[PDB]
Structure formats: C-alpha cells, structure tokens
Amino acid sequence: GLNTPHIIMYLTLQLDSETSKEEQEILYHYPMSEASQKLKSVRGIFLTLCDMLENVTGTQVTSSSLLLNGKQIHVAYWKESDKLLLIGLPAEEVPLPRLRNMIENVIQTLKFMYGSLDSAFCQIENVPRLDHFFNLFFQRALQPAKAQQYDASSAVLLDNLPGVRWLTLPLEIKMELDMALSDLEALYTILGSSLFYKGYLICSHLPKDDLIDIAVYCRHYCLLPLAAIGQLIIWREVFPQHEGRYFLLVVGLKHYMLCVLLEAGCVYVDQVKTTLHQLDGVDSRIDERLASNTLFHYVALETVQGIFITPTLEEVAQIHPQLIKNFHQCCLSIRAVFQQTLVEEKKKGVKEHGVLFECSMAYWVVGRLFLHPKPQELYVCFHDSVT
Amino acid sequence: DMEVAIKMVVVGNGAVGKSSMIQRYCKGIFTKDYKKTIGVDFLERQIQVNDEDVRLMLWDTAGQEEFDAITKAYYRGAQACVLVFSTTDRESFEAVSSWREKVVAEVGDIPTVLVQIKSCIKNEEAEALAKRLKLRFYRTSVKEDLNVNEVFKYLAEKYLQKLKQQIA
Amino acid sequence: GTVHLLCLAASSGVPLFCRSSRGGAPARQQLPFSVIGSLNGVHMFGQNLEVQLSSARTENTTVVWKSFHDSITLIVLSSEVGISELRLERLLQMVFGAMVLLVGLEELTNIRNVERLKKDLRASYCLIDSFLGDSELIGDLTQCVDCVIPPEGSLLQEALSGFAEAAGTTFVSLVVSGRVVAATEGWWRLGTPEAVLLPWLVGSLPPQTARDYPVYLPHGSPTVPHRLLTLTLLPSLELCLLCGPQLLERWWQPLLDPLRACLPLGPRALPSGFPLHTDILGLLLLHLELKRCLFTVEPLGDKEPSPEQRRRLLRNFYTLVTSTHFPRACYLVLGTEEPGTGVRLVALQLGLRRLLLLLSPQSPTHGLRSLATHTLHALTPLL
C-alpha cells in the first residue's frame with residue numbers, strides 16, 4: 001500500500017562539503033512523502049554501511065534488511081563512482097531476490113533512458129518524469145492489480161526471468177512476419193526491430209542486448225497488457241549498453257507493438273504504419289494460433305536468445321488460480337537458488353531443484369538448469385502420477 | 001592482553017580541525033567519512049601508560065546540530081571525554097560550556113579535560129574558563145606534535161586511579 | 001570462511017570481546033576497532049530512529065546485527081560460501097543463550113561496569129569459538145538436541161533414573177562427544193537453548209575426570225546458579241548432573257558393556273548397522289514436537305570424502321529447507337551436469353517430523369520422495 005514504507009534514492013558518497021543538509025547528500029529521493037521519511041533518516045546508516053563493507057569486504061553491498069515498526073524492509077544497493085543508488089521495499093510484498101532483480105532491471109532501464117544514471121539523476125529537468133516513472137515503479141511493485149489478475153499474479157515470477165513471453169509460431173506466419181520486418185528495415189539506419197502481439201512477443205531480429213532493454217522499458221510503462229486505441233508513436237533517444245545517437249521508435253496499433261532501434265552517423269512512421277496496415281491480414285491467423293503428459297504449467301526459458309515460453313491465457317483458462325500464484329511464488333525462491341549458481345557461472349565466464357505442495361494433489365514444482373548445453377532454465381508444475 | 005578499553009568521547013564544533021589533530025595522533029584506522037552521515041567517528045590507538053597497554057576507543061562527535069539527539073546515544077558509557085576548541089575559531093570558545101554540560105548531563109561526572117588546538121581569543125580567557133570548570137587548558141598546535149599524548153596519558157591515568165580505587 | 005563475532009554493550013557501546021574463528025580454525029584474529037565502532041554506531045543510529053538494522057549482505061561476506069533485551073547486542077561478519085540469514089540468526093540466539101547460561105541475566109542486563117563483565121566473560125570464550133569454528137553437530141542451527149538413539153535398551157534409562165534418585169536431582173544426562181545419549185524427562189523438558197547448549201558446553205570443555213561448573217538456565221532459572229557436575233568415566237563419554245568413586249559404581253557397573261557400544265556410536269549415530277539405503281551418504285532428521293535432532297555423516301564413508309563437506313552441505317540444505325517449508329517435500333541436485341556427478345539433497349515433512357537426506361547422484365530422482373517416505377517410515381519407530 002501507499003502507507004507502507006518504500007523509497008528510491010541516489011545519495012553521493014565521499015561527502016566533501018561543509019554543509020550537511022538533506023540536499024547535500026540526497027541528489028534525488030522518491031517518494032517525497034511520509035512513506036519514505038524514515039529511510040531518508042536512515043540514509044546515514046546506509047552510507048556508513050556501504051563504506052564499511054567496501055573497506056572490509058572487496059565486494060559491494062548486495063543488500064540489507066531493517067526492522068521498521070515490526071516488519072522487515074529490504075534495501076538493495078548499487079555503488080558507482082561517487083554515487084550510490086539505493087532502493088527499499090517491504091519484504092512481505094517484495095522478497096529480497098525479487099528486490100535485487102528489480103534494482104538491476106531499474107538501473108538498466110535508467111541507463112536506457114539517459115546515458116549513465118549519474119546523468120539521469122544529476123539533471124533537474126528530468127525530475128518530474130523521473131517521479132512519474134518511479135510512481136509507476138512503486139505502484140506496480142506494491143499494487144499490481146491495476147484476463148484479470150492473472151498477469152499480476154504471474155508477474156511475481158515473470159519479471160525475474162529475462163526475455164518476453166514468446167508465442168510459438170508456425171513456419172508460414174513466422175516467415176511472413178520476418179519478411180515484413182525485413183521490408184520495414186529496407187536519415188538513420190535500422191539496427192533491428194521486434195513485433196509484440198497482445199503483450200506476446202511475436203517476432204524479433206534485434207540483438208538480445210538491446211531486445212532486453214526494449215522489453216524492460218516497454219514493461220515499466222505498462223505497454224504490454226493482456227487482452228487489451230490510438231497510435232503510440234514513441235520517438236526518443238535511448239542508450240542501449242553500447243560515439244553516436246541510438247534513437248528508438250515504438251509504434252502501436254490494434255494490439256501490435258513494433259519497437260525499432262536506430263543508429264546515427266513522421267519520416268520513419270508512415271512506412272511502418274503502412275506495414276502494420278498490410279500485416280493486419282495476419283491478425284486473424286495469429287489469434288487462431290493464440291486460441292486452442294501430466295505437465296500442468298511450464299515457464300521454459302532460453303538465455304542466449306533471451307526468451308521464455310509460457311502457456312497462453314486461453315491455455316490457463318482451461319484450484320488453478322491458487323496453483324498459478326503458488327507456483328510463481330515458489331519459483332521465485334527457486335529462482336534465487338538458481339541465480340546463486342548463475343552468478344557463480346558468470347564469475348567462471350546447482351543442477352536443479354524440486355518442491356512439493358499439497359495446498360489442495362501433488363505438485364513437483366521443478367526448476368532445472370542447463371549449462372553444459374546452451375544455457376537455459378525450465379520450470380514445471382505437474383501431477384505426481386507419472387514423473 | 002586484558003585491555004582496559006577506556007572510551008574517549010571527543011566533542012568539538014566540526015570546523016576546528018579536530019579531525020586533523022586526531023588523525024595526526026592515531027594512524028591507520030580513520031573512518032573519517034562518517035561524521036557527515038551518522039555523526040560519530042571511531043578510532044583506536046593503544047598506548048603504554050604505567051605498565052598498562054591501555055586501549056583508547058576514540059568517538060569523535062559531530063558538532064553540527066543535525067546529529068545531536070543521536071549523538072546523545074554515544075556519550076553514555078564513555079569512560080572519559082575531551083572538549084576540543086580552536087584559538088582562531090570563536091564559536092567553539094563559548095560552545096565548550098554547552099558541550100561540557102551536555103556530556104556531564106548525559107552519562108555523568110567524568111574525569112575529563114579540554115584542549116585548545118592551533119588570534120581572535122586571549123589565553124587569559126581560556127584559563128578563566130579552565131579554572132571555572134575544574135579542568136586545565138592545554139596549548140596544542142598542529143605543527144608541534146606534542147601536548148596531546150600527555151593529555152591522553154593523564155586521562156588514562158585518572159581512569160586507572162579510579163579502577164584501582166574501586167577494585168578493592 | 002572468515003567469521004567474526006563481536007559482542008557489544010548496547011547501552012554504552014563498548015564491545016565485550018572480538019571472538020573470531022577465521023578459516024574454521026580458532027584463529028586469534030583481532031578485528032580492528034574501525035569496523036566494530038562503525039557497526040555499533042549504525043546499530044545505535046537505527047535504534048534511536050526506531051528501526052532495527054538486522055543484516056547487510058555483500059557479494060563476498062554477510063554481516064548481521066541484533067539486540068537482545070535492551071543492553072546487549074551481537075553482530076557477525078561471515079565470509080563462508082553458502083551463507084543465509086537464518087543460520088546467522090540462530091548463531092546469534094545460541095551465543096546469547098550461552099552467555100546467559102554462563103554469566104546469567106545479571107551482569108548481562110543492568111551492567112554495573114563492563115570491565116568486570118569482560119573479565120568474567122573471559123571464562124566463556126571456549127564454547128563460543130567452539131560454536132564459530134567447524135562443529136560436528138548442527139544443534140546450534142536447528143535449535144534441537146543432537147540426540148543419539150541408544151542401542152534399543154531401556155537399561156540405560158533405568159540406570160539414569162537410579163542415578164538421579166541416588167543424587168536427588170531430576171537433571172541427569174549421559175552424553176558422548178556432545179551427543180545426548182540418554183536423559184530423564186526433566187532434561188527432555190528443558191528449555192530450548194540450554195537443552196542443546198549444555199551437551200555442547202561439555203563437549204567443548206577440556207576432558208577431565210571430574211568438573212564442577214556454575215551455569216544459569218535461560219529457561220526457568222536465568223538467575224539461580226545451578227551447579228553442573230561433569231564426570232568422564234570413559235573416553236569421550238560423560239555424565240552431566242544438575243543441582244539447583246561411589247558416585248556411579250552402584251548403578252553403572254552392570255552397564256559397562258552397552259557404554260562400550262556407545263564409544264563409537266557418537267560420531268556414528270543411529271543404531272549400528274541400521275537398515276538404510278546404501279546411496280545415502282549423510283542423514284539428518286528432526287522431531288519438532290520434541291525438538292530432537294539426529295545428525296549422522298558416516299553411513300557410507302568410502303565415497304564423497306571430507307565429511308566436513310557433507311556436514312556443510314547438510315547445514316546449508318537445512319537452511320534452504322527452513323526457508324521454503326516455513327505432506328511437503330523438496331529436493332536439490334547439485335554438481336556438474338554430467339550424469340553420475342554431484343549430490344542429491346532431499347527433505348520431507350510428515351507428522352511434524354521433518355527429515356533430511358544426502359544421497360549419491362545415482363539415486364533415482366523420481367523415487368526421491370519414495371525413498372524419503374521409506375526412510376521416514378524406517379525412522380519413526382526409533383523415536
């Protein structure tokens with residue numbers, strides 16, 4: 001809720017000024033209300049903790065937990081040169097691994113917005129839109145319920161995995177979509193593009209290092225609804241972890257979301273609108289595809305390409321409402337167990353995990369990792385009749 | 001080792017360069033960048049006083065009013081205190097009385113002493129306050145590198161006298 | 001595996017000692033006052049602002065604070081690979097329970113002076129750095145007594161009852177290597193921290209024929225100085241007797257042979273040659289209603305060497321099992337993707353008798369729950 005403590009803030013380390021007011025070390029803090037003043041006070045604890053753990057441990061502070069008013073609040077860190085970004089959310093609403101994933105995603109999004117996040121927070125003209133974005137951030141983290149409630153329930157897990165909800169496609173539909181997107185590629189050059197349908201990614205040529213940024217930016221603004229109009233013509237400069245300008249276009253029409261990245265060194269909108277109009281003949285086919293073993297649910301994920309496959313809303317329509325949310329909630333902890341070995345592998349560059357549930361009807365919620373083949377993760381709920 | 005572990009609490013104004021003299025005294029552990037966020041800096045310097053390897057837990061306090069109530073938490077249990085002030089600075093000259101009354105009202109009556117480091121003020125007035133509040137003034141400079149370890153040795157000797165007094 | 005335990009006086013701020021067991025071995029490492037002062041200061045900053053700073057995790061290590069009562073705090077640094085918060089919190093609770101066991105609530109709350117407090121706690125490190133270093137028991141982490149089932153003989157309990165009646169005490173316990181072999185009902189009904197502290201305390205104590213030490217019961221008698229008499233009649237075997245050479249020969253003389261059977265039974269828990277699946281390389285069981293723990297590491301020692309490794313995997317797995325659990329089960333297969341490599345860890349809760357298992361990778365993944373149910377059915381008649 002709104003009254004529940006939460007904060008996002010951007011302190012400056014190595015304070016070298018004679019003044020010691022709040023604005024001296026706080027570059028930007030949200031929310032500026034009664035839900036964050038206490039953490040605004042404990043900011044000094046946060047700074048001392050970061051500096052101390054820098055001195056004693058060679059690594060950065062991953063996170064911390066603080067018992068406020070009888071409930072534990074998790075705070076996640078990130079230390080840059082002279083700046084420390086820091087977020088804080090309740091544990092009962094946001095578990096710690098989820099909090100770390102949200103912090104890394106939000107920092108990637110901010111770097112996608114305006115260069116390094118130092119230039120994101122240092123400026124003042126971006127304060128109102130930063131407040132708007134963080135209001136969306138907190139309202140999504142705390143009040144996801146805003147086709148009903150199924151996406152919100154699945155969120156608590158789906159945001160954790162990289163990628164988008166990839167929709168399995170026939171050969172002909174994929175081929176014609178690829179041809180249309182290549183025709184769209186044909187002042188600026190096109191790095192690539194990606195088409196999403198009703199919140200489901202339908203076809204991508206963009207490299208994953210920018211596709212992930214596209215996905216997280218679109219999601220942070222609730223641009224991927226389910227069973228959702230106008231002409232979204234988003235046209236803005238972005239900085240996708242890569243000098244020259246790296247502009248971005250996002251065109252929306254009748255459940256079609258085409259995101260195309262442009263390099264540098266209505267002109268580019270008319271042809272994409274015509275492409276969407278001519279592709280409007282495949283919406284019926286893609287809807288037919290969207291419509292229509294003891295395996296109940298699977299969130300099979302790929303890493304190198306960067307996509308995950310989940311059953312469609314129609315598939316989950318046919319104890320199931322409890323099943324999905326319990327499965328996602330437990331897969332969050334299984335995700336934590338797996339990110340332990342994932343960061344171990346990243347250092348190099350464990351095998352699986354299983355669970356019973358009887359909140360009824362066995363469950364065998366099983367997470368599996370594949371590192372010897374192309375890295376990927378699988379998460380399955382199924383009955384215990386056959387294993 | 002059986003260290004006595006006497007706790008210094010040092011109170012000044014934050015703009016008198018007390019951090020400089022304390023860093024000059026004890027090397028290694030500094031933790032200098034915490035007075036602006038929490039309000040106290042923690043330092044240590046073991047010193048050989050009268051056959052005793054006395055451990056000195058120095059707790060520098062932030063002179064800014066931003067950290068005052070929290071500062072009151074660090075005074076309690078401190079085995080001795082030190083009031084620093086500068087001959088050049090004026091505010092600390094009258095702030096020493098406030099610091100003394102606060103430090104004695106927080107934890108209690110302690111065998112402490114003050115120190116003037118590194119003019120706008122006269123030595124006679126400093127002696128006046130010193131004789132007024134039972135402690136002796138010390139003439140200290142950032143360049144002489146003296147009249148400070150004697151301060152700490154004297155305070156440690158006072159605490160050692162206290163401990164050997166009530167141990168029996 | 002660097003680990004530092006710092007005990008601080010919350011009211012004053014002066015640390016009590018810097019006990020640390022870096023690298024498992026009892027290294028006499030002195031943590032510089034920089035970090036001690038800084039952690040104490042952040043703790044008082046939180047306490048003043050009515051916000052309890054519990055823990056802070058970094059990529060390498062993990063630090064944790066907590067405040068017992070009002071005047072005592074304990075903080076830990078720990079760089080061991082595979083650390084979770086709950087292990088550290090149980091360690092904190094157990095060290096505080098040990099403190100109140102050895103010095104009592106008096107001189108721990110309402111401290112007249114902390115110098116004599118540290119001088120008194122000088123007689124208390126040994127159990128603490130036994131805790132912090134590598135240990136053969138997990139009773140600290142699970143808060144359950146590391147009981148070992150006797151060789152299916154009521155003669156042990158009868159002899160213990162006779163000894164208790166002779167000595168006029170209801171708190172008597174036969175313990176081997178810190179593992180509770182037998183005890184009267186009063187010892188079973190003992191409070192949660194000291195029930196596991198006392199056998200551990202004696203295990204950490206130097207081996208002597210007879211010893212008399214004063215303790216305080218964290219449950220029941222936090223202030224009453226109960227005297228504990230420890231008698232080591234046999235190597236690694238000990239008898240504890242609590243009170244608020246003709247001492248054992250009239251009861252324990254005919255039981256010398258079973259006690260001989262208990263000399264190797266300590267490290268090798270469970271009845272000797274118990275019928276168990278040969279793929280199990282380490283067993284760990286809990287009885288939550290009775291708070292009784294059974295932790296054995298050598299059911300099959302030829303494969304997967306370094307039993308301390310098995311102990312650490314079982315402890316970490318228990319931490320994750322408590323994280324998820326708190327007709328349910330969970331398993332974790334670790335190691336390389338190559339078949340025949342790695343280990344399996346299984347856990348099953350049935351009838352408030354949560355049980356853990358460590359297995360060779362050849363064990364059937366599909367039958368892991370079946371094997372756990374079989375082990376639970378084989379172990380339920382034991383206790």
# chains A, B, ... in the order shown; residues from 1 in each chain; ligands from 1
call {"tool": "interface_residues", "arguments": {"of": "chain A", "to": "chain B", "cutoff": "8 Å", "atoms": "only C-alpha atoms", "output": "PyMOL selection string"}}
result
chain A and resi 14-15+20-21+43-45+47-48
call {"tool": "write_last_selection", "arguments": {"atoms": "N, CA, C and O atoms", "output": "compact mmCIF listing (two decimals), in the first residue's frame"}}
result
# COMPACT_ATOMS: atom_id res chain seq x y z
N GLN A 14 31.49 10.01 -0.40
CA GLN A 14 32.62 10.91 -0.25
C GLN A 14 32.14 12.36 -0.14
O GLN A 14 32.49 13.23 -0.94
N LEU A 15 31.31 12.60 0.87
CA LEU A 15 30.74 13.93 1.08
C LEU A 15 31.86 14.89 1.48
O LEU A 15 32.46 14.75 2.54
N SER A 20 25.72 20.18 5.64
CA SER A 20 25.28 18.82 5.90
C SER A 20 23.76 18.72 5.87
O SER A 20 23.17 17.91 6.60
N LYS A 21 23.11 19.52 5.03
CA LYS A 21 21.66 19.46 4.91
C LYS A 21 21.25 18.20 4.15
O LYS A 21 22.08 17.44 3.65
N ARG A 43 19.34 7.01 5.84
CA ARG A 43 20.31 7.16 4.76
C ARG A 43 21.75 7.21 5.28
O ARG A 43 22.67 6.72 4.61
N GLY A 44 21.97 7.80 6.46
CA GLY A 44 23.31 7.83 7.01
C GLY A 44 23.82 6.45 7.37
O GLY A 44 24.98 6.12 7.12
N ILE A 45 22.94 5.63 7.95
CA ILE A 45 23.27 4.23 8.19
C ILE A 45 23.64 3.56 6.88
O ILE A 45 24.60 2.78 6.81
N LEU A 47 24.87 4.87 4.09
CA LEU A 47 26.17 5.32 3.60
C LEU A 47 27.31 4.71 4.40
O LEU A 47 28.30 4.23 3.83
N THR A 48 27.19 4.73 5.73
CA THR A 48 28.23 4.14 6.56
C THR A 48 28.37 2.65 6.29
O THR A 48 29.49 2.13 6.25
call {"tool": "select_by_dssp", "arguments": {"residues": "segment 137-290 of chain C", "states": "strand (DSSP E or B)", "output": "MDAnalysis selection string"}}
result
chainID C and resid 145:146 171:176 179:183 210:216 225:234 237:243 280:287
call {"tool": "interface_residues", "arguments": {"of": "chain A", "to": "chain C", "cutoff": "8 Å", "atoms": "only C-alpha atoms", "output": "count of residues only"}}
result
37
call {"tool": "residues_around", "arguments": {"residues": "residue 269 of chain C", "least_positions_apart": "2", "cutoff": "6 Å", "atoms": "only C-alpha atoms", "output": "list in words"}}
result
residues 148, 265, 266, 267 and 296 of chain C
call {"tool": "interface_residues", "arguments": {"of": "chain B", "to": "chain C", "cutoff": "10 Å", "atoms": "only C-alpha atoms", "output": "compact mmCIF listing (two decimals) with N, CA, C and O atoms, in the first residue's frame"}}
result
# COMPACT_ATOMS: atom_id res chain seq x y z
N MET B 2 44.13 -8.27 28.16
CA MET B 2 43.35 -7.65 29.23
C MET B 2 43.40 -6.13 29.14
O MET B 2 43.80 -5.43 30.08
N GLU B 3 42.99 -5.62 27.98
CA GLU B 3 42.98 -4.18 27.76
C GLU B 3 41.93 -3.51 28.64
O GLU B 3 40.84 -4.04 28.85
N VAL B 4 42.28 -2.32 29.15
CA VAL B 4 41.33 -1.57 29.97
C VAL B 4 40.16 -1.10 29.13
O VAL B 4 39.01 -1.06 29.60
N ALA B 5 40.42 -0.72 27.87
CA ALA B 5 39.38 -0.32 26.92
C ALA B 5 38.64 0.93 27.39
O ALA B 5 37.41 0.97 27.46
N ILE B 6 39.41 1.97 27.71
CA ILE B 6 38.81 3.26 28.05
C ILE B 6 38.25 3.90 26.79
O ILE B 6 38.87 3.89 25.72
N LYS B 7 37.04 4.45 26.91
CA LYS B 7 36.34 5.04 25.78
C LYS B 7 36.43 6.56 25.86
O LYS B 7 35.85 7.18 26.76
N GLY B 28 46.41 4.71 10.70
CA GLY B 28 45.66 3.52 10.37
C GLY B 28 44.16 3.75 10.34
O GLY B 28 43.64 4.36 9.40
N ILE B 29 43.46 3.26 11.36
CA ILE B 29 42.02 3.43 11.46
C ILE B 29 41.68 4.91 11.49
O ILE B 29 42.09 5.64 12.40
N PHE B 30 40.92 5.36 10.49
CA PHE B 30 40.44 6.74 10.44
C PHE B 30 38.92 6.82 10.48
O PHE B 30 38.38 7.46 11.39
N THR B 31 38.23 6.18 9.54
CA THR B 31 36.77 6.27 9.42
C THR B 31 36.30 7.72 9.44
O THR B 31 35.35 8.09 10.13
N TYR B 34 32.39 9.41 8.17
CA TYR B 34 31.15 9.01 8.82
C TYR B 34 30.52 10.12 9.64
O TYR B 34 29.34 10.00 10.00
N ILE B 38 26.41 9.71 9.98
CA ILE B 38 25.95 9.25 11.28
C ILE B 38 26.16 10.31 12.35
O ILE B 38 25.24 10.65 13.09
N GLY B 39 27.37 10.84 12.45
CA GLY B 39 27.71 11.84 13.44
C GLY B 39 28.86 11.48 14.34
O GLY B 39 29.30 12.33 15.13
N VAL B 40 29.38 10.25 14.28
CA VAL B 40 30.49 9.84 15.13
C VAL B 40 31.52 9.09 14.30
O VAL B 40 31.19 8.33 13.38
N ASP B 41 32.78 9.31 14.64
CA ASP B 41 33.92 8.66 14.02
C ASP B 41 34.64 7.82 15.06
O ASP B 41 34.88 8.28 16.18
N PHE B 42 34.99 6.59 14.70
CA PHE B 42 35.55 5.63 15.64
C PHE B 42 37.02 5.40 15.31
O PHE B 42 37.35 5.07 14.16
N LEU B 43 37.88 5.57 16.30
CA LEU B 43 39.32 5.42 16.12
C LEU B 43 39.90 4.70 17.33
O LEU B 43 39.27 4.62 18.39
N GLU B 44 41.11 4.18 17.18
CA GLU B 44 41.76 3.49 18.28
C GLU B 44 43.27 3.71 18.21
O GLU B 44 43.84 3.83 17.13
N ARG B 45 43.89 3.79 19.39
CA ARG B 45 45.34 3.93 19.47
C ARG B 45 45.79 3.40 20.84
O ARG B 45 45.66 4.09 21.84
N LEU B 56 42.45 2.80 23.62
CA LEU B 56 41.77 4.09 23.58
C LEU B 56 40.73 4.05 22.47
O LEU B 56 41.07 4.13 21.29
N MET B 57 39.45 3.94 22.84
CA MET B 57 38.36 3.90 21.86
C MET B 57 37.84 5.33 21.69
O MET B 57 36.97 5.78 22.43
N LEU B 58 38.40 6.05 20.72
CA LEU B 58 38.02 7.44 20.48
C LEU B 58 36.74 7.50 19.66
O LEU B 58 36.64 6.86 18.61
N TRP B 59 35.78 8.29 20.13
CA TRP B 59 34.50 8.50 19.46
C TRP B 59 34.36 10.00 19.22
O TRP B 59 33.92 10.75 20.09
N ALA B 69 20.66 14.64 18.93
CA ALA B 69 19.97 13.63 19.72
C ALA B 69 20.61 12.26 19.54
O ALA B 69 20.77 11.50 20.51
N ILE B 70 20.99 11.92 18.31
CA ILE B 70 21.70 10.67 18.07
C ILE B 70 23.06 10.70 18.76
O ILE B 70 23.52 9.69 19.29
N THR B 71 23.71 11.87 18.77
CA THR B 71 24.98 12.00 19.47
C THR B 71 24.84 11.67 20.95
O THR B 71 25.74 11.07 21.54
N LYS B 72 23.71 12.03 21.55
CA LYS B 72 23.47 11.73 22.96
C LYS B 72 23.52 10.24 23.24
O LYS B 72 23.77 9.84 24.38
N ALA B 73 23.28 9.41 22.23
CA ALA B 73 23.36 7.97 22.43
C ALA B 73 24.80 7.50 22.61
O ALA B 73 25.05 6.52 23.31
N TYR B 74 25.76 8.19 21.98
CA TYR B 74 27.15 7.75 22.03
C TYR B 74 27.89 8.23 23.27
O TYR B 74 29.00 7.75 23.53
N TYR B 75 27.33 9.17 24.03
CA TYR B 75 28.02 9.65 25.22
C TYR B 75 27.95 8.64 26.35
O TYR B 75 28.92 8.48 27.10
N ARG B 76 26.82 7.96 26.51
CA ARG B 76 26.64 7.09 27.66
C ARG B 76 27.65 5.95 27.64
O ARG B 76 27.91 5.35 26.59
N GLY B 77 28.22 5.66 28.80
CA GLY B 77 29.20 4.61 28.94
C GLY B 77 30.61 5.00 28.57
O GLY B 77 31.53 4.19 28.75
N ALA B 78 30.82 6.21 28.06
CA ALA B 78 32.16 6.65 27.71
C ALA B 78 32.97 6.91 28.97
O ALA B 78 32.55 7.69 29.83
N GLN B 79 34.12 6.25 29.08
CA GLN B 79 34.90 6.34 30.31
C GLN B 79 35.60 7.68 30.47
O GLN B 79 36.00 8.01 31.59
N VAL B 107 25.95 11.18 30.52
CA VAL B 107 26.50 9.98 31.12
C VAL B 107 26.82 10.18 32.60
O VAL B 107 26.57 9.28 33.41
N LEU B 163 39.96 2.87 38.64
CA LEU B 163 39.77 1.43 38.64
C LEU B 163 40.50 0.76 39.79
O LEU B 163 39.94 -0.10 40.48
N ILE B 167 38.38 -1.23 42.68
CA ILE B 167 38.59 -2.68 42.55
C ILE B 167 38.67 -3.33 43.92
O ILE B 167 38.20 -4.46 44.12
call {"tool": "atom_distance", "arguments": {"atom1": "atom CA of residue 200 of chain A", "atom2": "atom CA of residue 343 of chain A"}}
result
28.3 Å
